[PDB]
Structure formats: structure tokens, C-alpha cells
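A.B. asks: Chains as they are written, first to last, in the authors' numbering: chain X, 318 to 421; chain a, 283 to 376; chain d, 281 to 316, 337 to 359; chain c, 183 to 243; chain V, 268 to 499; chain Z, 5 to 290; chain W, 305 to 456. Have a look at this one.
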Amino acid sequence: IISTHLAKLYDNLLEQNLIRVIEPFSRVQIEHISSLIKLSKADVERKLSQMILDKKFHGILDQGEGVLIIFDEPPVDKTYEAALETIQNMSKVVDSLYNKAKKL
Amino acid sequence: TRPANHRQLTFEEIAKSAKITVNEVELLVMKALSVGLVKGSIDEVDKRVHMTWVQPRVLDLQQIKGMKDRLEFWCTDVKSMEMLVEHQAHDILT
Amino acid sequence: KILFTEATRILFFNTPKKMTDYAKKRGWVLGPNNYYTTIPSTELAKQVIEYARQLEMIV
Amino acid sequence: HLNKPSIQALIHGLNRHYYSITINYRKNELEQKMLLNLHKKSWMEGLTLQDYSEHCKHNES
Amino acid sequence: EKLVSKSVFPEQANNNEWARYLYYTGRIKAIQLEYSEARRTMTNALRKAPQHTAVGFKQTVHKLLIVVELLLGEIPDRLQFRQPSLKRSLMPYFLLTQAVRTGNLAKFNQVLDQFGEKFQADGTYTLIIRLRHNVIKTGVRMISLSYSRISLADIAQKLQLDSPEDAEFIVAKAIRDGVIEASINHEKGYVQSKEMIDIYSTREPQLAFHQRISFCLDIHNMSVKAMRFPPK
Amino acid sequence: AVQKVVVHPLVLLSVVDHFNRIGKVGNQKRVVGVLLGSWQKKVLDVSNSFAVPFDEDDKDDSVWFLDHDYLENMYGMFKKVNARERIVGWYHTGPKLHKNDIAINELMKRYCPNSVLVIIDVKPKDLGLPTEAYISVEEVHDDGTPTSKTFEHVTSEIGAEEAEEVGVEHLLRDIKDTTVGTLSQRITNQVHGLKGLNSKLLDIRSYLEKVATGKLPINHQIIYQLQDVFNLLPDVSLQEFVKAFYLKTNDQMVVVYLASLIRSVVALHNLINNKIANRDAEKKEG
Amino acid sequence: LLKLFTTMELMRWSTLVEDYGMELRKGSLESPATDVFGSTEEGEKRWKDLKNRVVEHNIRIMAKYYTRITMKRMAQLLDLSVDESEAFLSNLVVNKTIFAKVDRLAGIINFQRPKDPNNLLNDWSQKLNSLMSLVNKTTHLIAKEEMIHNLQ
């Protein structure tokens with residue numbers, strides 16, 4: 318209960334450091350960020366992959382060239398979220414019309 | 283000398299034309315932008331400068347004729363396409 | 281960009297001169313080292349005006 | 183007799199002491215065209231796009 | 268085929284008649300090597316066929332659609348092989364399809380030997396032979412669907428083609444059609460596939476959605492035209 | 005000084021009536037009057053005007069009469085009726101400025117220091133010329149040129165207050181108006197905008213013709229602004245703006261597809277109800 | 305020196321030091337030297353602080369006037385080492401002052417969030433309805449020239 322809490326604090330500090338760094342960079346070697354953060358390349362790569370997977374930091378990780386890329390996802394999407402749903406909504410409407418078609 | 287067809291000019295053109303070394307073209311464009319003459323930007327990685335400048339000059343009556351021809355092209359495009367839109371929308375213009 | 285010798289091998293043109301003559305027979309040419337957009341705004345403007353028509357002009 | 187008298191006028195003496203006279207407005211073409219300029223938009227707003235962010239927000243809503 | 272090209276099918280035709288015409292012209296273009304349009308027409312026929320009845324018609328159309336899709340290199344969905352009213356009838360076509368997915372020549376030959384009577388009974392024997400020789404094309408389509416870049420020797424090893432040059436010829440022939448979008452590099456051995464650009468911001472969605480306009484506005488126009496108010 | 009002149013649709017009617025009234029027999033083709041209105045150090049609006057007995061001679065275009073005492077007397081009457089309006093400037097039709105405009109403006113400068121001329125064109129009302137406002141300025145001609153007077157153009161608008169918009173609306177209400185802009189009127193507006201742009205371009209090209217052949221002297225600020233306009237033209241190449249396709253396709257979906265589907269489905273449902281109601285009536289006919 | 309820091313344009317560190325070392329570091333006969341730029345420990349600290357300030361003014365001026373600058377080019381332009389220049393730029397942006405997003409080969413000094421389609425299209429639309437400076441242009445065209453039109 319002190320090892321667990323301190324491990325969680327260490328992970329939180331590592332995440333806070335990693336987001337307070339790489340913020341300048343848009344495409345940075347994992348070797349450089351490992352050197353800057355004073356951690357092993359594999360360890361920091363695993364932490365970065367986990368952080369991306371949890372969606373706690375936007376970006377992608379190109380292991381093919383040992384780089385980390387940063388970007389953002391456009392929020393313009395929202396209209397489709399309405400659009401798509403409306404389509405399925407009127408799908409129901411069409412179904413109901415089919416019943417009326419069975420009346421005729 | 284480049285009528286926006288190729289606004290990107292490489293540092294080689296400025297170096298040769300202005301008879302300056304390619305290291306000082308940065309400072310030259312730097313000064314030009316600072317004093318308000320031009321409002322472009324510099325892409326040093328590809329060695330180009332985007333140019334949107336607002337300093338005009340006297341226009342050399344042959345140059346006035348050339349600009350009048352350009353305006354003729356513009357106005358004929360606008361007229362042709364007004365005709366197109368009118369012909370297409372004739373049903374709804376009424 | 282396929283090289284001339286491979287074409288000669290696999291085009292079954294056993295005589296290289298025959299292969300070259302067939303290359304001249306087609307627009308597909310030898311090349312130097314033997315190695316053989338815009339926004340239209342016009343038609344789709346017409347499409348949009350067509351939609352406008354189909355909305356108007358009654359049934 | 184195309185138009186009917188009002189009650190308010192009728193109690194205040196209409197058709198007893200004074201009669202209403204039909205009123206017609208003499209508007210020639212020139213005056214009407216001149217008045218048309220009050221809201222004649224422009225040759226410009228026919229060509230100005232809506233604020234594209236505002237357009238997207240309106241579409242969303 | 269000659270009759271079809273010179274005769275225009277009425278658009279106001281009945282649903283059943285449209286489905287029958289679609290099936291017939293699909294069989295035409297299928298036995299006439301126009302596989303892609305044949306498959307499209309057969310799917311369109313299945314859409315307009317009656318849902319409750321027409322068991323035999325749907326069985327025949329499904330058999331032909333299976334054969335055409337297999338010839339195209341695609342794999343028919345397993346769902347159709349599961350409906351009761353269609354299952355046993357398509358059972359011979361099922362054992363066939365598996366072989367095409369595996370490329371097992373012996374399985375293909377055994378299926379043909381044990382089901383040629385049924386195949387001829389519905390007149391799919393010749394197309395099935397063409398499929399027996401297009402199994403390799405199906406395999407190449409799968410390989411290029413999975414891999415982005417791949418050496419030709421890998422193609423030969425995976426497809427049991429017994430030759431790198433033979434694999435090169437086969438992939439070149441397949442990419443000549445619309446089967447595969449790639450770009451062979453004989454200098455090294457790549458079968459590099461075409462870069463997948465963003466379909467958005469490419470005027471393609473505008474074209475598709477314009478077609479969908481044309482359709483929906485057309486539907487609204489016919490609907491508002493067919494109101495047919497009565498006299499009394 | 006003034007960055008806008010607002011002309012109410014009553015000085016317009018006053019000018020038109022004055023012009024017709026004179027031109028019954030008054031073939032000078034150009035009449036002069038005085039326009040009053042509320043003054044501002046900001047946008048200036050004009051609300052009333054009157055017509056002074058004016059005469060002009062085509063000889064040398066420098067001999068003319070504007071009855072200044074008549075001006076004073078009408079202004080006295082209007083002040084008695086409505087002291088809120090003060091003399092703002094003078095108007096005259098005949099869209100071609102004569103030579104007296106500045107000179108006459110000088111006479112108006114004594115009754116109003118910032119006297120603005122307002123040409124109110126009567127007959128030509130094709131596209132966009134209800135009125136044009138000018139103000140005299142004190143500069144010779146430019147940095148390095150001889151002396152002149154050089155009226156300056158000021159943006160002019162047409163606007164009405166309440167109880168005057170109602171009169172305009174009532175005189176209107178022909179097949180015109182329809183303030184709600186339906187699709188047909190919007191496309192008509194696009195066509196009108198193209199027409200106006202083409203007309204302006206043709207005016208500029210005519211000026212450039214008259215300059216290139218030497219008929220007109222070179223105006224340096226004119227050429228400077230022409231260069232500015234030509235540089236200001238955007239580029240539809242440069243495949244970063246071509247990604248505008250994106251938003252166009254975006255526009256498409258919300259419009260087109262969704263809307264069409266909904267409209268088409270609603271129409272189809274309306275057809276079902278009719279095809280039912282008709283057979284209901286037919287079966288009842290039983 | 306002060307005016308040079310007031311205006312825009314670069315600030316070459318080598319030229320600045322070669323032109324002001326004898327004045328800021330040493331003593332002039334007419335004007336006594338500063339006690340703040342001497343050989344004292346705080347003198348050297350303030351000298352390095354200015355070296356940062358000339359570098360930071362440089363960086364800000366590029367962000368206002370550059371789009372993409374090669375790392376080596378930028379490094380020599382501010383006369384720092386590549387690693388130290390990258391570290392300084394990272395410090396600058398991290399403080400949320402000079403917007404920038406450094407790539408290893410691009411070290412961009414701005415190019416704000418590559419104008420999203422909405423922003424870019426709004427920019428283009430504004431440029432278009434700013435071309436209605438034409439209408440003023442033409443109306444003044446007839447106005448200022450009408451008094452020449454009747455004088456031909």
C-alpha cells in the first residue's frame with residue numbers, strides 16, 4: 318500500500334514528464350526522448366505505446382524508423398454523427414412505411 | 283516579373299539576380315518584409331519564398347496594355363460563365 | 281520501367297533486332313537508358349444548378 | 183364599395199357627417215424602381231460566401 | 268446478347284420481370300467474360316427478387332452469383348450458404364468455394380467429379396472450369412490484399428507456382444485487369460501496391476453523393492407525380 | 005470627416021419628383037437642390053430635402069445661379085417644421101458631374117462646412133447606382149502634382165427609419181419582394197452578382213483603354229489599386245486549397261444526401277397515404 | 305544597440321559581439337564601462353543572458369517571418385550548437401510563448417496548425433470579398449477622372 322501508491326505516482330510522474338516533453342517535437346526519435354528522459358529506449362517505447370493506446374496523449378509511434386509522431390484529430394466529425402444516426406432513424410421510418418404498404 | 287503563376291522563387295534566383303551569396307538572401311528578404319515592402323514568407327528547407335506583396339509602381343504604357351489584356355481575359359471569363367449560369371438556371375430564374 | 285534485355289527474354293523475341301522492331305511497332309518505346337489536381341468548378345456547378353432546378357419548377 | 187367602412191370611424195360620425203373617399207396610390211415605374219434600392223442587396227452579396235465556420239455550425243445545428 | 272444490345276428494357280417494368288431480365292442478362296455477360304458487370308447485375312437481381320417466394324429463382328441466381336464472384340477472385344459470403352431454403356441446393360457450390368479459398372487442386376477435382384451432374388443441371392459447368400483455372404488469380408488477389416510489398420519468390424512459394432517467372436507473368440496478367448492495383452518492379456522483385464490516397468478530399472465522394480442525389484430527387488419526383496387524385 | 009452617407013428613401017422620391025416636375029418643360033436635364041438631415045461626426049444620414057431655383061449655362065460651365073436666399077428661406081421653413089434636421093449638403097441629378105460642382109459646393113460650404121454633394125441618378129437604375137456621394141478636399145492633386153479640388157467618393161447607403169419603411173413597403177408589394185430568400189431568388193442573386201462584376205470589369209477595361217491610347221492621363225493611385233487587385237487574386241491550383249474539396253464534399257452530405265433522403269422518404273410516405281386514401285374511397289364506393 | 309533591438313530583422317551574434325565587445329565588456333575613454341557586463345560572475349551571467357536574448361529575439365522574429373528552417377541553418381543563424389539550439393527552442397515552446405513544433409529536419413518556427421480547411425477557406429473567402437475593393441476602385445475611377453472626362 319506504499320509500494321503500490323508510489324509505483325502509481327512514479328507512472329504518473331513519467332506520464333507528466335513525457336507530455337511536458339515531446340510537446341515541442343512533432344516527429345522525434347525515441348532514442349532522443351529516451352536520452353532526454355533518462356530511461357531505456359524499450360521502456361520509454363512501451364510507456365509511449367501504452368499512453369497512446371489509452372488515448373491519454375494524441376500521437377502515433379512509427380517503430381519502423383524509431384520515431385514518435387504527434388498530431389490532433391479534427392472535431393469537425395460531429396455532423397456525420399448526427400447524419401449517420403438520422404439515416405438509421407429513417408431506416409425505421411421506411412420499415413414502418415413497408416407495413417403501410419402491406420395495408421395496400 | 284512573376285505574375286503569381288510561380289510565386290515561389292528559389293534562393294538561387296535572388297542570389298544570381300541580386301549578385302549576392304545565398305547566405306544573405308535570408309537577410310535580404312528579412313529586411314524587405316520588415317520594412318513593409320512585401321508580405322511573403324520563407325521556406326528555408328526547400329529554399330523558396332512565398333510572395334504576396336503590396337508595393338506597386340508606374341506602369342510603362344506597354345505594361346498598361348498587358349494589364350488591360352489580362353483584365354480582358356478576366357472579364358471574358360466572367361461573362362462566359364455568367365452566360366453559362368443563366369442558361370443553366372433559366373428554368374428557375376424566370 | 282522494364283529493361284530492354286528482360287523484355288527481349290520474356291517477349292519471346294529471340295532476335296533482339298526483332299524485339300527492337302516490335303518496340304518501334306508500338307508507341308511503347310525504348311527510352312534513353314534502354315528502360316522501356338484542379339478544381340473543375342464548371343460541370344459540378346451545373347450539377348448544383350440542376351439540383352436547384354429539381355427543387356423548384358414544381359413537380 | 184370595394185372596401186368596407188370601419189366600426190371605429192362609423193361611431194365617430196362616418197356616413198353621417200363625412201363620407202370616406204377611396205384612396206389610390208399613383209406610383210409610376212420610375213418611383214417604384216427608385217424605392218426598390220432600399221433593400222436591393224448589392225452586386226457583391228451575390229458573390230460573398232457565408233462564414234465557413236458559421237456555415238458548418240449552422241449545418242450542425 | 269445481340270438482342271439485348273438492340274433492345275431497351277422498359278424502366279416502368281414490374282419487379283419480378285426486372286429481376287428475371289437482370290438474371291438473364293447477367294448470365295449472358297457472365298458466359299461472355301464480362302464478369303464484373305455480370306456480378307453487379309446478379310446482385311441487383313437478387314435485390315429485386317421476391318423475398319418470401321421464388322425459391323428456385325433465388326437458388327439459381329445465388330449459384331450463378333457464387334460462380335461469378337469466385338471467377339472475379341472475390342469470396343462469396345458464408346451467410347447465403349446458411350439459409351435453409353438455400354442451404355442444401357448450394358451445398359455442392361459450398362464444398363467448391365472452400366477449395367477456391369484454399370487452392371487445393373485435388374479438392375477442386377474431387378468436387379467436380381462428385382458434382383458434375385448437379386453443375387450441368389443448372390448449366391454452370393463451363394464457368395466452373397474457368398474458375399478451376401482462375402483459382403490462382405483468386406489467390407493472387409488475396410495475397411495483394413494482405414501484403415503491400417512482396418518479392419515474387421514469395422508469391423511463387425505461397426501459391427505453389429513452382430517458378431518465380433511464372434508468378435511474375437500471373438501477377439502481371441492479374442494486374443492488367445482490375446483484379447489488383449499494384450506496380451511490379453522486375454529490377455528488384457517488388458509487387459508494390461498502389462498508394463492508398465485519402466478518398467476524402469478527392470472529388471470521388473462528390474461523384475458518389477451526386478449519384479445518390481440524382482436517385483433521391485428522382486424518387487421524390489416519381490412519388491409526387493404518382494399521387495393520382497380521384498375524380499369524386 | 006464622413007465615412008458614410010445614408011440617404012433615406014424620401015430624398016430619393018423628393019429628387020425624382022423635383023426632376024419630373026422641372027423636366028415637364030425644364031430641359032436643362034440637371035436640377036440642383038439642397039438636402040438636410042441629422043449630422044454626425046460619424047456616419048451621416050439625410051432625411052429630407054428641398055429644391056432651389058437653379059440655372060446653369062452650357063457656356064464654359066462656369067456661369068450659374070443658385071438662389072441662396074431661397075435656400076435660406078426654405079431652410080427657415082424646414083427648421084420651423086423640424087429644427088432637428090440641419091443643412092447637410094446639396095444634390096443634383098445628371099450623373100455626369102459638371103464643372104460647377106466644386107464651385108457650387110463652395111457656396112454650400114458656407115451654409116454647411118462639411119457640405120457633401122450627392123448625385124442622385126434618376127433614369128439609369130440598372131444594377132447598383134442609386135446615389136453617389138462626394139466631398140471636396142483640400143489638397144493640390146497629390147504629393148508632387150499641381151493644384152485642383154478633386155471631390156472624393158464616400159460610401160453611400162440607402163436606409164429608412166420606421167414609419168418610412170412602412171410607406172416604402174406599401175408602395176411596393178408587387179410580385180416583387182419576398183424577403184425570405186428562397187433558392188430561386190438566391191441563384192438569381194448570384195446571377196446578378198456575376199452581372200455586376202462583369203459590368204465593373206468592363207468599366208475598368210474601358211478606362212484602361214482610354215489610358216493606353218493616351219486619351220486619359222495616367223492616374224497613379226488607380227494603377228496602384230489595379231496592381232493591388234491583380235495581386236489579391238487567389239490561386240485555385242496549389243493543392244492545399246484544392247483540399248477545399250473536403251468541405252464541399254462536407255457540404256454535400258448535410259445537403260444533398262441527408263436532406264434528399266428525408267425529402268424523398270417524406271414524399272414516398274405522402275404517396276402511401278394517398279394510395280391508401282384513394283382505395284379507401286373506392287372501396288367505400290361499394 | 306537599443307534601436308536594433310526595437311526593430312525586426314535578424315541579429316547576427318558574431319557581428320553584434322565584434323561590434324560591441326570593446327564597449328560592453330571593456331571601458332571606453334569618453335564613456336565609462338558598464339559594471340554589469342564585466343568579468344565578474346554576474347557580468348558573465350548577464351552576458352550569457354543577453355546571448356539568450358539575442359537568440360530569443362532571433363527566434364521570435366523567425367516565427368513572425370519564417371515557415372520552415374533547416375536545423376543547421378537556424379543553428380548557425382543564432383550561432384549556437386544544433387543540440388543547444390533545439391533545446392532552447394523546446395524550452396521556448398514548452399513555456400507556451402513561441403508557438404512552434406520542431407521536427408528533426410524541419411524545426412519549423414510556426415506554420416500554425418496547418419490552416420484547417422475551415423480556416424483556409426475563410427481566409428480565401430475574406431481575400432475574395434476584399435477584392436470588392438474593386439468597386440471602390442471603379443467608383444473613384446469614374447469620380448476623380450470625371451473632372452478630367454469633361455476636360456478630355
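Backbone N, C-alpha and C define an ideal beta-carbon position, used for all residues, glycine too.
Look up residue 2/Z in the DSSP assignment and say whether it is helix, strand or coil.
C.D. replies: Because residue 2/Z is not part of the residues shown, which for chain Z are 5 to 290, the question remains open.
A.B. asks: Near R368/V, what residues of its chain come up, given a Cβ to Cβ distance below 7 Å and the 5 sequence neighbours on each side ignored?
C.D. replies: On the fifth sequence, residue 368/V is found 101 positions in, with the first residue counted as 1. Contacts found: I342.
A.B. asks: For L375/a, report the span of its alpha helix (DSSP H) as first-last.
C.D. replies: Counted from its first residue, the second sequence places residue 375/a at position 93. Run containing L375/a: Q344 to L375, per the alpha helix (DSSP H) assignment.
A.B. asks: Could you confirm whether any beta carbon from chain Z is found closer than 7 Å to the beta carbon of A345/d?
C.D. replies: As a working note, residue 345/d is residue 45 in the third sequence. For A345/d, the answer is no, since every Cβ of chain Z falls outside 7 Å of its Cβ.
A.B. asks: Look at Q231/Z and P338/a and say whether their C-beta atoms are less than 7 Å apart.
C.D. replies: Translated into the one-based positions of the sixth sequence, residue 231/Z becomes position 227. Translated into the one-based positions of the second sequence, residue 338/a becomes position 56. The answer is yes: Cβ separation under 7 Å.
A.B. asks: Got a sec: which bits of the region 455-469 of chain V sit with their beta carbon under 8 Å from any beta carbon on chain d, in order along the chain?
C.D. replies: Cβ contacts with chain d: none found.
A.B. asks: Taking Cβ positions, are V361/X and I354/X nearer each other than 7 Å?
C.D. replies: As a working note, residue 361/X is residue 44 in the first sequence. As a working note, residue 354/X is residue 37 in the first sequence. Going by C-beta atoms, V361/X is nearer than 7 Å to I354/X.
A.B. asks: Which chain Z residues are close to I451/V, counting only those with a beta carbon under 7 Å from its beta carbon?
C.D. replies: By 1-based counting over the fifth sequence, the position of residue 451/V is 184. Within 7 Å Cβ-Cβ: nothing; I451/V doesn't reach chain Z, min ~28 Å.
A.B. asks: Checking 7 Å against the spacing of the C-beta atoms, do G322/a and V331/a come in under that value?
C.D. replies: Taking the first residue of the second sequence as position 1, residue 322/a is located at position 40. Taking the first residue of the second sequence as position 1, residue 331/a is located at position 49. Going by C-beta atoms, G322/a is nearer than 7 Å to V331/a.
A.B. asks: Helix, strand or coil: which one does DSSP assign to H194/c?
C.D. replies: In the fourth sequence, the residue the question calls residue 194/c occupies position 12. In the structure shown, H194/c sits in coil (DSSP, three-state: anything other than H, G, I, E or B).
A.B. asks: Could you tell me whether any non-hydrogen atom of the ligand FMN is closer than 6 Å to the CB of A379/W?
C.D. replies: This structure does not include the ligand FMN; it has no bound ligands of any sort.
A.B. asks: Going by other Cβ atoms of all chains shown within 10 Å of its Cβ, with 16 needed for buried, is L187/Z buried or exposed?
C.D. replies: Here residue 187/Z corresponds to residue number 183 of the sixth sequence, with the count starting at 1. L187/Z is exposed by the Cβ-count criterion.
A.B. asks: Just checking my contact of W94/Z with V38/Z at CB under 8 Å: how many whole Å lie between their CB atoms?
C.D. replies: Residue mapping note: residue 94/Z aligns to position 90 of the sixth sequence, counting from 1. Residue mapping note: residue 38/Z aligns to position 34 of the sixth sequence, counting from 1. 5 Å between Cβ atoms; contact.
A.B. asks: Alpha carbon to alpha carbon, how far is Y302/V from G445/V? Give it in angstroms, no decimals.
C.D. replies: Walking along the fifth sequence from the start, residue 445/V turns up at place 178. Walking along the fifth sequence from the start, residue 302/V turns up at place 35. Computed Cα separation, rounded: 11 Å.
A.B. asks: What do you get for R34/Z, buried or exposed, if any count of 16 or more other CB atoms within 10 angstroms of its CB means buried?
C.D. replies: The sequence position of residue 34/Z within the sixth sequence is 30, counting from 1. It counts as buried.
A.B. asks: At 4 residues or longer, what runs of the alpha helix (DSSP H) sit wholly inside the region 366-434 of chain V?
C.D. replies: Segments of the alpha helix (DSSP H) lying fully in the region 366-434 of chain V: 372-388, 392-413 and 419-426.
A.B. asks: Less than 7 Å between C-beta atoms, sequence neighbours within five positions excluded: which residues of the same chain meet that for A287/d?
C.D. replies: For the purposes of this step, residue 287/d is taken as residue 7 along the third sequence, with counting starting at 1. So the qualifying residues of the chain are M299 and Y316.
A.B. asks: Within the region 183-235 of chain c, note down every full alpha helix (DSSP H) run reaching 4 residues or more, in order along the chain.
C.D. replies: Fully enclosed alpha helix (DSSP H) runs of 4 or longer: 189-193 and 211-218.
A.B. asks: For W308/d, does the three-state DSSP call read helix, strand or coil?
C.D. replies: On the third sequence, position 28 is the one that residue 308/d refers to. In this structure, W308/d counts as coil in the three-state DSSP scheme.
A.B. asks: Can a CB atom of chain W be found closer than 7 Å to the CB of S243/c?
C.D. replies: Translated into the one-based positions of the fourth sequence, residue 243/c becomes position 61. Closer than 7 Å: no.
A.B. asks: Along the beta strand (DSSP E) that carries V246/Z, what are the first and last residues, could you check?
C.D. replies: As a first step, residue 246/Z is located in the sixth sequence; it is residue number 242 there, counting from the start. No beta strand (DSSP E) holds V246/Z; DSSP gives it neither H nor E.
A.B. asks: Quick check on the DSSP output: the beta strand (DSSP E) that includes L385/X runs from which residue to which?
C.D. replies: Mapped onto the first sequence, residue 385/X falls at position 68. Start and end: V384 to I386.
A.B. asks: Provide the residue span of the beta strand (DSSP E) that contains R209/Z, from first to last.
C.D. replies: As a working note, residue 209/Z is residue 205 in the sixth sequence. Per DSSP, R209/Z belongs to no beta strand (DSSP E); it is in the alpha helix (DSSP H), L187 to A216.
A.B. asks: Please confirm whether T308/V and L338/V have their CB atoms less than 7 Å apart.
C.D. replies: On the fifth sequence, residue 308/V is found 41 positions in, with the first residue counted as 1. On the fifth sequence, residue 338/V is found 71 positions in, with the first residue counted as 1. No; because the gap between Cβ atoms is not below 7 Å, this pair is not in contact.
A.B. asks: For the structure I just gave you, are there three or more beta carbon pairs, one from the region 426-437 of chain V and one from the region 379-388 of chain V, closer than 8 Å?
C.D. replies: No, the region 426-437 of chain V is not in contact with the region 379-388 of chain V.
A.B. asks: Considering only C-alpha positions, which residue in the set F392/W, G347/W and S332/W is nearest to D339/W?
C.D. replies: Counting from 1 along the seventh sequence, the entry for residue 339/W is found at position 35. Residue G347/W is the option with its Cα nearest to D339/W.
A.B. asks: Would you say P238/Z faces chain W, with C-beta separation under 7 Å as the test?
C.D. replies: Against the sixth sequence, residue 238/Z aligns to sequence position 234. Yes - at least one Cβ of chain W is within 7 Å of the one on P238/Z.
A.B. asks: Tell me which residue opens and which closes the beta strand (DSSP E) that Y302/V is part of.
C.D. replies: Within the fifth sequence, residue 302/V is the residue found at index 35, counting from 1. Segment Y302 to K315 is the alpha helix (DSSP H) holding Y302/V; no beta strand (DSSP E) there.
A.B. asks: Specify the secondary structure class of residue 270/a as computed by DSSP and reduced to three states.
C.D. replies: Because chain a here runs from 283 to 376, residue 270/a falls outside it and cannot be looked at.
A.B. asks: Counting only beta-carbon separations shorter than 7 Å, does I349/d have a partner in chain V?
C.D. replies: Translated into positions along the third sequence, residue 349/d becomes position 49. By this cut-off, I349/d is not an interface position.
A.B. asks: Can you tell which of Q367/X, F388/X, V384/X and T396/X has its C-alpha closest to the C-alpha of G376/X?
C.D. replies: Taking the first residue of the first sequence as position 1, residue 376/X is located at position 59. That would be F388/X, whose Cα lies nearest to the Cα of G376/X.
A.B. asks: Give the straight-line distance between the Cα atoms of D233/c and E340/X, rounded to the nearest whole angstrom.
C.D. replies: Counting from one through the fourth sequence, the residue named residue 233/c turns up at place 51. Counting from one through the first sequence, the residue named residue 340/X turns up at place 23. For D233/c and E340/X, the distance between alpha carbons rounds to 32 Å.
A.B. asks: Run through DSSP, which three-state label would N281/V get?
C.D. replies: Locating residue 281/V in the fifth sequence gives position 14, where the first residue counts as 1. In the structure shown, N281/V sits in coil (DSSP, three-state: anything other than H, G, I, E or B).
A.B. asks: Given this structure, state the Cα-to-Cα distance separating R349/V from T327/V, to the nearest angstrom.
C.D. replies: As a working note, residue 349/V is residue 82 in the fifth sequence. As a working note, residue 327/V is residue 60 in the fifth sequence. Cα to Cα, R349/V sits roughly 16 Å from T327/V.
A.B. asks: Would you mind sorting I222/Z into buried or exposed? The rule is 16 or more other CB atoms within 10 Å of its CB.
C.D. replies: If you number the sixth sequence from 1, residue 222/Z lands on position 218. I222/Z comes out exposed.
A.B. asks: With which residues is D407/W paired in a DSSP beta bridge?
C.D. replies: As a position in the seventh sequence, residue 407/W is number 103, starting the count at 1. Beta-bridge pairing links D407/W to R344/X.
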